[PDB]
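Structure assessment
One-letter residues, chain by chain:
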Amino acid sequence: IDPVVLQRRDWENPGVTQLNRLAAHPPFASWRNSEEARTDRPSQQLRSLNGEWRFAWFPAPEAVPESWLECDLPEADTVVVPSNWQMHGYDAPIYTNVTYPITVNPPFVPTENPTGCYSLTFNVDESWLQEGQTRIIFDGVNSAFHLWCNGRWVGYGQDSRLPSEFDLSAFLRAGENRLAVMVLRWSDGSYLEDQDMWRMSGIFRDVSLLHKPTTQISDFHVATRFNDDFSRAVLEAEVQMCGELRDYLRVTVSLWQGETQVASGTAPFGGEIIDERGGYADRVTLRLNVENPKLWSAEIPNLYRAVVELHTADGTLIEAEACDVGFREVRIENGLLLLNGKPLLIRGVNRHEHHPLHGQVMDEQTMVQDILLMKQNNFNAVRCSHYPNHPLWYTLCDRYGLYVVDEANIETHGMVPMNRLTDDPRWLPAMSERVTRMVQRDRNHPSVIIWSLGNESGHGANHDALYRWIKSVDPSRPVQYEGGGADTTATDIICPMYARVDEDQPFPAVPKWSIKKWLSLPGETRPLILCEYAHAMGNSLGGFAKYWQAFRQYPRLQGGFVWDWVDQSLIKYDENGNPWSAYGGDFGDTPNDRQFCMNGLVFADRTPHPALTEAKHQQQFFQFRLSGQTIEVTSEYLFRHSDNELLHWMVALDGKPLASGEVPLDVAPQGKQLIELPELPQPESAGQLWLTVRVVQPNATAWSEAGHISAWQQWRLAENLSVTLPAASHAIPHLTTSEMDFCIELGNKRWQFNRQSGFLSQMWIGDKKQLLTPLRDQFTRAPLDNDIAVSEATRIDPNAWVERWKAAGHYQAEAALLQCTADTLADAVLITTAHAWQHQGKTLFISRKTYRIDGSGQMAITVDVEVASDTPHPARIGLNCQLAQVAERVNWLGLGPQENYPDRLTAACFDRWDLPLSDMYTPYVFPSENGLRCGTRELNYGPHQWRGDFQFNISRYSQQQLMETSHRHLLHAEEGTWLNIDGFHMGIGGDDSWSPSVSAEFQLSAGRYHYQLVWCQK
Amino acid sequence: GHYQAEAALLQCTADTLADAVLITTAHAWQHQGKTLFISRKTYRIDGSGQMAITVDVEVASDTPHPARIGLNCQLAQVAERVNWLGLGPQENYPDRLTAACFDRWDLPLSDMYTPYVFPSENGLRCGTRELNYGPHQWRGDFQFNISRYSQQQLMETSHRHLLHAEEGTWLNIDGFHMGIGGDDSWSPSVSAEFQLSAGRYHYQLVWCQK
Ligand SMILES: *[C@@H]1C[C@@H](O)[C@@H](O)[C@@H](CO)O1
Ligand SMILES: [Mg+2]
Ligand SMILES: [Mg+2]
Ligand SMILES: [Mg+2]
Ligand code: NA
Ligand code: NA
Ligand code: NA
Ligand code: NA
Ligand code: NA
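Residues numbered from 1 in each chain as written, not as in the entry; some residues may be left out. Chains lettered and ligands numbered in written order. Part of a larger assembly, values for the part shown. Heavy atoms only, no water.

As documented in the archive entry, the model was determined using X-ray crystallography at 2.10 Å resolution.

Per the PDB entry, chain B goes by Beta-galactosidase and derives from Escherichia coli.

Under the annotation held in the PDB entry, chain A carries the name Beta-galactosidase and is attributed to Escherichia coli. For the record of chain A, the UniProt heading Catalytic activity holds the text "Hydrolysis of terminal non-reducing beta-D-galactose residues in beta-D-galactosides." Per UniProt, chain A carries the Sequence similarities text "Belongs to the glycosyl hydrolase 2 family." (UniProt positions renumbered as here; feature names shortened; annotations may be inferred.)

What about empty space enclosed by the protein?
Residue and element names in this part refer to chain A. Here the structure, examined in full by the defined rule, presents eight cavities of 30 Å³ or more. Taken as a whole, the largest cavity encloses approximately 170 Å³ of empty space. Every residue lining the largest cavity is counted, 18 residues in all, and those nearest its centre are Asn142, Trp186, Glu193, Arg199 and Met200. Among the elements that line the lining of the largest cavity, the one with the most residues is strand β13 (residues 197–199), at three residues. When its residues are assigned to classes, the lining of the largest cavity shows seven nonpolar, seven polar and four charged. In this structure, the second largest cavity occupies an estimated 130 Å³ of space. Every residue along the wall of the second largest cavity is listed here: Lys749, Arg750, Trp751, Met763, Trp764, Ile765, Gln770, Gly857, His944, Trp1015, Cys1016 and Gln1017. Those elements that provide at least two residues to the lining of the second largest cavity are β44 (749–754), β45 (759–765) and β58 (1008–1017). (1 Å grid on protein atoms, 1.4 Å probe; cavity = no way out; pocket = protein on both sides within 12 Å on 5 of 7 lines; lining within 4 Å. Points joined across faces, edges and corners; volume = space filled by probe spheres on them. Helix = DSSP H or I, 4+ residues; strand = E, 2+ residues; numbered from the N terminus. Nonpolar A, V, L, I, M, F, W, Y, C, P; charged D, E, K, R; others polar.)

Observations regarding the coordination of the sodium ion (ligand 9)
All names here are of chain B. All of the protein donors around the sodium ion (ligand 9) are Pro119 (O), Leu154 (O) and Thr157 (O); their distances to the metal are 2.4 to 2.6 Å. Here the donor residues of the sodium ion (ligand 9) are spaced in sequence according to P-x34-L-x2-T. Overall, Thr157 belongs to the buried group, its relative accessible area being 12%. (Donors = N, O, S within 2.8 Å, 3.2 Å for Na, K, Ca; no water. Buried < 20%, exposed > 50% of the residue type's maximum accessible area, 1.4 Å probe, protein only.)

Considering the UniProt feature "binding site: Mg(2+) 1" in chain A
All names here are of chain A. Residues given the UniProt feature "binding site: Mg(2+) 1" here are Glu411, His413 and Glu456. These annotated residues cover 46 residues of sequence, and their C-alpha atoms lie no more than 5.7 Å from one another, placing them together at a single site. When its relative accessible area of 0% is taken as the criterion, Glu411 is described as buried. Tracing the backbone through its elements, the reader meets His413 in the loop between β28 (403–407) and α6 (428–442). Given a relative accessible area of 15%, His413 falls into the buried group. Setting aside its immediate chain neighbours within four residues, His413 contacts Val98, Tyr100, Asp194, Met418 and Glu456. (Contact = heavy atoms within 4.5 Å.)

Some thoughts on the site of ligand 1
Residue and element names in this part refer to chain A. Neighbouring residues of ligand 1: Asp196, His386, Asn455, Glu456, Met497, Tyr498, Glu532, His535, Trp563, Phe596 and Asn599. The side chain of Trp563 places a nitrogen or oxygen atom 3.2 Å from an oxygen atom of ligand 1. Taking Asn599, its side chain carries an N or O atom lying 3.0 Å from an oxygen atom of ligand 1. In the complex, the protein chains occlude 97% of the 280 Å² of accessible area that ligand 1 would expose alone. (Near = heavy atom within 4 Å. Polar contact = N/O pair within 3.5 Å; in protein donor to acceptor, adjacent residues only side chain to side chain. Areas by Shrake-Rupley, 256 points an atom, 1.4 Å probe, with all protein chains shown as cover.)

Focus on the interface of chain B and chain A
Each partner contributes to the interface: chain B provides 24 residues, whereas chain A provides 20 residues. Where chain B abuts chain A, roughly 1500 Å² becomes buried across the two surfaces, and 50% of that area is made up of carbon and sulfur atoms. Taken together, the links from chain B to chain A amount to two salt bridges. Ionic pairing is found between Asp949 of chain A and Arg200 of chain B, a salt bridge with its closest N-O pair at 2.9 Å. Linking chain B to chain A there are 11 residue pairs in polar contact. Sorting the residues of the side of chain B that touches chain A by element identifies β1 (6–16), β2 (20–31), β3 (34–46), β4 (51–59) and β11 (200–209) of chain B as the ones contributing at least two each. By residue class, the composition of the side of chain B that touches chain A is nine nonpolar, six polar and nine charged. (Buried area = accessible area lost by both parts, 1.4 Å probe. Salt bridge = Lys/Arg side-chain N within 4 Å of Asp/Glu carboxyl O.)

Here we look at the packing of α6 of chain A against helix α7 (residues 461–473) of chain A
Residues and elements named next belong to chain A. Where α6 contacts α7, the two axes come as close as 10 Å, and the packing angle between them is 25 degrees. The angle between α6 and α7 falls in the class roughly parallel. The two elements α6 and α7 cross, and the hand of that crossing is right-handed. Between α6 and α7, the contacting residues are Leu428, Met431, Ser432, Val435, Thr436 and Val439 on the first element and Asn462, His463, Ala465, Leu466, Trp469, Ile470 and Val473 on the second. For the contact of α6 with α7, the residue count by class is nine nonpolar, four polar and no charged. (Axes fitted to C-alpha atoms, helices over the stretch in contact; angles between N-to-C directions. Parallel < 35°, antiparallel > 145°, perpendicular 65-115°, else oblique. Left-handed = near helix turned anticlockwise from the far one by under 90°.)

What to know about the sheet that holds strand β38 (residues 656–664) of chain A
Residues and elements named next belong to chain A. With antiparallel pairing, the four strands of this open sheet are ordered in space as β38-β37-β40-β41. Each end of this open sheet is capped by a strand with a single partner; those strands are β38 and β41 (708–720). Between one strand axis and the next, the sheet turns through 15 degrees on average, direction left out of account. (Pairing = 2+ DSSP bridges.)

Details of the sheet that holds strand β25 (residues 342–343) of chain A
Hydrogen bonds between backbone atoms are what pair the strands of a sheet, whose relative direction is either parallel or antiparallel. All names here are of chain A. Reading across from one edge, β23-β24-β25 is the order of the three strands in this open sheet, with antiparallel pairing throughout. With partners counted over all chains shown, the strands left at the sheet margins are β23 (330–333) and β25, one partner each. Relative to strand β24 (residues 336–339), β23 runs antiparallel, the two being bridged by four bridges. Residue pairing in the sheet places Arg331 in a bridge with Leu338 of β24.

Things to note about the environment of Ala727 of chain A
By the element assignment, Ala727 of chain A lies in the loop between β41 and β42 (734–737). A residue is classified by how much of its surface remains accessible, and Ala727 of chain A, at 72% relative accessible area, is exposed.

Here's the deal with the nonpolar core
All names here are of chain A. In terms of nonpolar packing, the biggest core is built from 92 residues, with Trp68, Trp565 and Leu601 touching the most fellow members. Inspection of this core shows a minimum of three residues originating in each of domain 1 (1–213) and domain 3 (329–619). Among residues more than four places away in sequence, those in contact with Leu601 are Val349, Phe379, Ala536, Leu541, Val562, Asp564, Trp565, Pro608, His609, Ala611 and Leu612. One finds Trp805, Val865, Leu915 and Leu979 within the second-largest nonpolar core, a separate group that totals 59 residues. (Core = buried A, V, L, I, M, F, W, Y, C linked by side-chain atoms within 4.5 Å. Domains from an automatic or database assignment.)

Thoughts on the pattern of salt bridges
All names here are of chain A. The tally for this structure, following the rule as stated, stands at 65 salt bridges over all chains. A salt bridge links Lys516 to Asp502; the shortest N-O distance between them is 2.8 Å. Of the two residues, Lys516 sits in helix α8 (residues 515–519) while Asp502 sits in the loop between β30 (479–480) and α8, which places them 14 residues apart along the sequence. Sharing partners across several salt bridges, the network here consists of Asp40, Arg305, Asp324 and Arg399.

Here we look at the packing of aromatic side chains
Residue and element names in this part refer to chain A. Scanning all chains against the criterion turns up 42 aromatic pairs over all chains. For the pair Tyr533 and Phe544, a centre-to-centre distance of 5.6 Å together with 20 degrees between the ring planes defines the contact as stacked. Taken together, the positions of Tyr533 in strand β31 (residues 528–533) and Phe544 in helix α9 (residues 544–553) put the pair 11 residues apart, joining distant regions of the chain. Among the residues examined, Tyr533 registers a relative accessible area of 0% and is labelled buried. With relative accessibility at 1%, the residue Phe544 sits in the buried group. Cluster of aromatic residues (ring-pair linked, three or more members): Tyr533, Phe544, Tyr547, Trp548 and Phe551. A cation over a ring is seen here: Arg161 above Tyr387, with NZ or CZ 3.9 Å from the ring centre. (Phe/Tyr/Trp six-rings, centres within 6.5 Å; stacked < 30°, edge-to-face > 60°. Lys NZ or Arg CZ within 6 Å of the ring centre and 35° of its normal.)

Some points on the environment of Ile45 of chain B
All names here are of chain B. By the element assignment, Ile45 lies in strand β3. In this structure the C-alpha to C-alpha distance between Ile45 and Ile23, which are 22 residues apart in sequence, comes to 8.5 Å. Excluding anything up to four places from it in sequence, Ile45 contacts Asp19, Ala20, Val21, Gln50 and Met51.

Structure follows, in structure tokens:
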């Protein structure tokens, strides 16, 4: 194909971002019936061209044969559109984080430029061509394209994340027509699309045809302005037209509240005088008064319907357009972000448009599934990281109720320095279009409360210009932008990524201050909402509660957006057709950044990670205090009463329920309720009483089913310590001493301590061996993504926990025996052991133990550990062994039921839990230490019971296998069951995942540690 | 009832090992039917003359966190000097020990008492690994105070000038001690991290002759 199209190379020129593209505008449907517009029903004037298309792949646009313009290529395939062509296997998707997937040489792209040739033969009815305007709408094309209709060149478009529209009126004929779309993978637009995500291409959002009359609504803006107490509002609708102006033309704007018309107004065209040359003859603004409007919030998403009718004075409708209207005010005042006059607390998450099968194509089902899960887990806000979303997303957020940060498709992370392009006025045109056309599209959505200038593009003069452009065109929403230090002149909100709660990170030029400190820096007055925090990569969200404590305590700390919602894993199939989750590098893509695309609170199929429950608990909308027998409930709702809430309470003695009841909740927003519990029966047993409360929603909502639990909290009540001594045992265990073993016999039970190793190597119950691997101290864990601390494949931080561990010899050190002795007591055998772990003549740890086996068949293991002060703090201080048994169930008295770690255990509840063994393993795509449960007093597995105060995990996978396997699908069940029982376990961290992030209070730094376990048969 | 709690014996047994005698004890402290604390100990006396005291303490979760978890006795010996390896040389407490340095300190006994005009617990030194007083040596990882005044006398006396040296020397050796606070002096002011709230406590002392 040629000639001007190939010679001009528009995809290597940031001065050309489009040719012949129509102006951006809010969603249109061109209804010719007002009632269909009101009810938001399908429009005959809006056709989908989604479905089966013809497609051929080429290595470069030069390889595209001319004949393709005229007719179908025989070698083409029939494929579904929308789609990313990488998902159909035509070439590899690439995962890189920061480094561009192409040589950095702006505005040039590689000569080998994968080219997708899409075509469609389709019908157009004569009615559509006799009169009016027929346009084609490409909602998303990645990254740039030329368009032909029936062999004739139509135009060109850039920006993968906003719609490109072209007038086809002069190109079409009645009956059969053919479209030819040449999509280029790389363009100068790629320099503005360096988001930390899979790099794909193609026609990946809807394609549609829209018919508008020649005289048409071309744009409209809806604003809602309020009095001081929000009891009065004015809806202001500016309407623009194209076509010939006539005196008989009219616009009517009506506002609907369900079936009730609340207001209507009509005017001819002709705006007020704006300057010395007059006003806009082709515009009119309608003003409607609304008394006591029902206000829109995420809490209660009240919506009205505005209908915009273009018509003649005699009453003949030309066309109607429409939108949902949410009556809400967003403003920053005295340093606080307010919604309808009340300060928001953002329970937010970043959300990419990712599907493990369809790549970056978004469907309604997945969108709805995401929103439901978000709301069920107490999220009220979403950031569109890092591009305008599929248009349906905003409609759903409007109707379900979520606060939205709408973000321009501008990320230049890979530039050196980051602002090389954004400070260059030659790139201001390309940047402006990414901002301005976003605003023009999305400005009528009530769910959009904040505009964002993009992501990770430094701070340049181009940001300041566009910041001001938005502030000028839309004063209704704050503008934020994190680049260049998070608090620049281009942001209304201090919006850092991964600024910690208490700890400063004083990077040169772009420091990350403690969020508490940041607020009070000399002269600073703005609110702080983190654009990204609590990096949810694999086994993560350590310290999430620290953020939420601070958000609640500090008025100007107004929350943040977790990074992020969903793992960007992709599905591949093995030789047997079995699906597996894949990450960076698994497609032959290179260079790549491996698992760094998986940072989600949920797996790609939307199965929750364990971190999601911690998020739900910390983001609860009711706060609880206990005083005596009085529960104080405080509502953090700003607008709604608790009109779908009852409080269930339960008192239990070590898991055994003793008393329970329920009280309806009747709490005003920001209000308090006092609940006096009845007099509780005193227990005639030793142990700890535990109070658990939970908030239950009795009725189904749009986002939840009847019985949904929205909040919970636990307290210790009375404890009665056990003073009664167990009865003197009848049986007495016997000590047999050989050269190789200390053996202990009690009935048909046997304990065998290997005297060379100094470990318990075997146990027998009759003729059944109990151990496959001896019981040994363990001080290492299979490294979490946080311990590894890598964000770019070719970058290692020597301070990373795994790096320090490896270098200190933690994973290398082996036990050296210092002492192994045996003694007979009055009613017990006492085995005393001392070991040392060494690396290069350096003692890392010393473990001193006693094993006391008594007549009741209980083995009491007392362990005292020394950790050298100059060695890096160990991942854990515990024991492990491989059990011969494989049982169906795991039953424990401790924190659960889900996986919990010391810095991520607030959501867990103390109680008696019983799960299948498989649930005790968390299938993180990148395998690591997982499945731990803390605060555990009793553990039951098969014939075994362990008692003490410990943390444990239990599974068919050794720490050794977990640390040696890169992918979960490659793990194999080992013989029997691996048990890791820890006196102490280090935090998991997660403030970020590319530097040490475990807070000091969760590091194993005490130097000397003590724990005790009792092992017996159940 | 922390000041009134009475020690009730639960267990006291003796065992003879290969090279040691082992005494095992358990006690419960109770006030009006409520068990406040349980102390479980072993004393291991070997052929070298050393006595290893292992102490494990349970504290009821619903009793106010205790001021200390340790042992005390009145020694017959009155010596002139106190020698220790730990934080010093001056009085230091868990929430007030940043100024103290770890080293070998040697002071007159009188320097181990702080003469606050209103008498109270005083003269603690923390992070101590070895303590020497006359013929005795204690080793471990503990906090201690040492003086001629019992906690009882300090508690019962309003003015320092009314204190009288008791026979011998009162030794208070703690595995754990609560912070002193002071953010103000008219409400609870000891921060949570310096309160003895762990519920279960472990410490070991070795007592021998120097
Ligand atoms: C902030 C920006 C986002 O796109 C991700 O790169 C995240 C780390 O995974 O940091
Ligand atoms: Mg271009
Ligand atoms: Mg980035
Ligand atoms: Mg809690
Ligand atoms: Na706040
Ligand atoms: Na990432
Ligand atoms: Na209710
Ligand atoms: Na691994
Ligand atoms: Na006193």
